[PDB]
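**Q** experimental structure below, sequence on top.
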Amino acid sequence: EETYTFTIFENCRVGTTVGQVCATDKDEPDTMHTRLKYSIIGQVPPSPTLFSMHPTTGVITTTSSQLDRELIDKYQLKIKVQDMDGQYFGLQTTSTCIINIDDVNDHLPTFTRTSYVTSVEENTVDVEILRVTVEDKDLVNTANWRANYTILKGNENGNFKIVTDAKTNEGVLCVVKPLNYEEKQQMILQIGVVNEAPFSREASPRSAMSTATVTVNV
Amino acid sequence: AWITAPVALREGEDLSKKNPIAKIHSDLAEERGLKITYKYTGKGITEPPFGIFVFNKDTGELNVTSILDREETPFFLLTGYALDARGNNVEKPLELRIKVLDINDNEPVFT
């Protein structure tokens, strides 16, 4: 190819494979002047070195300690292939490799506040009672930055729903089935937020999930 | 070279309780103002048998992946190394040697 293009995850282990580059010669084979030798000849950013390439098969693997989507998203390298085993009078040819970085769900939805107090009238539906919000440092609009909420406590007979207002990821709490002041005057609640995306390293079950305390007055 | 002491591993048991069974360490910050990266090679890691030992490039800690037998794999020879944060020579290398420790699990056989 004129230009090779690959895509790797962020914050995966060093030594991960990028992709392979492939070239050929039309001289007589098993000679020296067909013996191929491949290389990186430059990076953006210029230093330090983040990738390495296999000299006799053209396979690129990662050599930095980290490649992190939430700071850098792309790396364009200049690459070359030489015959003669890379002896000084072999013939050589320059080309380009683009590496992309792909966002994993490494970051959490993060509160600026975790306790909240509200009131509502009895008998009422289609009224909202509490909004909550989050940052997530994953990339906008992706499944990794999108939000989902849950009512964890205090909704015994089904008065409450939580839904997401997408444009800011704001979790909107509403009464779906009415209260009755002639049964209860106060209740205490818990909610929670997590991504639409899965999480790793045993985070799925609760530790990806963040919670807020709620009180509702009738 | 020198007859430096081995790290030991006993037959047929799950050897991942000792991991990391060795480590390299060095630092560069106060004499040179740099940070570090570490490497191994040798039998188990770049000569056969393959995939026996593994180490993180940031840390220098070495693990063993396999259940072993001195009746199959009597001794292992590695060398650690360390380089600076651009790839430079900084510190002398050394060897590291591993043995299999042997218990009576087998009966004598003719030649």
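**A** Looks like it arrived, so ask away. Residues are numbered from 1 along each chain as shown, chains lettered A, B, ... in the order given.
**Q** which stretches in chain B count as strands?
**A** Using DSSP state E, the strands of chain B run over B:6-10, B:22-23, B:36-42, B:53-55, B:61-64, B:75-84, B:94-101.
**Q** and chain A, which residues reach chain B?
**A** Counting by Cβ under 8 Å from any Cβ of the partner chain, chain A comes close to chain B at A:14, A:15, A:47, A:48, A:49, A:63, A:65. Placement of C-beta: from N, CA and C, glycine included.
**Q** how about the strands of chain B in JSON lines, adding distance to residue A:120 and mean neighbour count?
**A** Converted to JSON lines, these look like this (distance: least, Cβ to Cβ, whole Å; neighbours: other Cβ atoms under 10 Å in any protein chain shown):
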{"stretch": "strand B:6-10", "distance to residue A:120": "67", "mean neighbour count": "15"}
{"stretch": "strand B:22-23", "distance to residue A:120": "60", "mean neighbour count": "16"}
{"stretch": "strand B:36-42", "distance to residue A:120": "59", "mean neighbour count": "18"}
{"stretch": "strand B:53-55", "distance to residue A:120": "58", "mean neighbour count": "20"}
{"stretch": "strand B:61-64", "distance to residue A:120": "57", "mean neighbour count": "19"}
{"stretch": "strand B:75-84", "distance to residue A:120": "63", "mean neighbour count": "18"}
{"stretch": "strand B:94-101", "distance to residue A:120": "69", "mean neighbour count": "17"}
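**Q** format those strands as TSV; extra columns: distance to residue A:141.
**A** What follows is those, written out as TSV (distance: least, Cβ to Cβ, whole Å):
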stretch	distance to residue A:141
strand B:6-10	51
strand B:22-23	44
strand B:36-42	37
strand B:53-55	38
strand B:61-64	40
strand B:75-84	41
strand B:94-101	50
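**Q** which of the ones you listed sits closest to residue A:216?
**A** strand B:61-64 (51.7 Å; Cβ to Cβ).
**Q** that closest one vs chain A: in contact?
**A** No - for a cut-off given as Cβ under 8 Å from any Cβ, strand B:61-64 has no contacts with chain A; the smallest distance is 13.9 Å.
**Q** dump whichever strand or helix holds residue A:116 to CSV, restricted to CA.
**A** Using DSSP states H and E, residue A:116 sits in strand A:115-119. Extracted C-alpha coordinates of strand A:115-119, given in CSV (Å, rounded to 0.1, in the frame of the first residue of the first chain):
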residue,chain,number,x,y,z
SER,A,115,-26.6,13.9,48.9
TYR,A,116,-29.8,15.5,47.8
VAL,A,117,-33.1,16.7,49.4
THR,A,118,-36.5,17.2,47.7
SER,A,119,-40.3,17.5,48.1
